[PDB]
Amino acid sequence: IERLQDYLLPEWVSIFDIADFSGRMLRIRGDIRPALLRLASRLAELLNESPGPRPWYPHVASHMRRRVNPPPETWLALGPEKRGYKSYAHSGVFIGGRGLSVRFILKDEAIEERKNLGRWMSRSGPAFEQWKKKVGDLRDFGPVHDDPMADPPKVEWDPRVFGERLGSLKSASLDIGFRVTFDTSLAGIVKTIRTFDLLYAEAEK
């Protein structure tokens, strides 16, 4: 049974205990990146075995923007475009000092897709709440973006107001999902990513 730890070694969480930029980046780029590329490819193959409402193409964080503060986490992204991913909805598998997580992301620069998903959330609060109940322990990673070891809070906001903000503010963003263990099967992770399909699809239009 293929598992996340076959790609991302459990001990790699300690890379994120390296406080200095150069030292942490060396390990993120040298050791974690090749593994994330392999894992991203494999997850995309598995997802594409049963097509969903949008394509999934693999990407890996480039870390070309950081200078002084090392990344608190690194990730692969699965999104609808072959090259680039930050301008569109995507799912990601992340590793940092806290371990692994699987999240659904709309960055501030995904202006149009935030407008689309925000409008859906605003108009479909009850459907969002139903979905949230079904997926269990949904966390908001937004508030802990500056607290790498902190347990992210449960999503408790009103999706209608959150959606209104997400759609209308240039600096708004979404980052929600699940903490997962290193021994989780790839088959289980694929299904977790599929549970974001409702949001992924509604972001497109």
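Numbering starts at 1 and follows the sequence shown.
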Averaging the C-alpha temperature factors as deposited, the higher value of 173-181 versus 160-168 falls on 160-168
As the entry reports it, the stretch among 34-42 and 58-66 with higher mean C-alpha B factor is 58-66
Of the residues 123, 98, 114, 86, the one whose Cα carries the largest B-factor in the deposited record is 123
Top Cα B-factor in this entry, restricted to 47, 28, 138, 149, sits on 149
For residue 109, the third of its chain by CA B-factor is the highest
Residue 1: CA temperature factor from the record, placed by chain third, in the highest
Of the three thirds of Cα B-factor ranks in this chain, residue 73 occupies the lowest
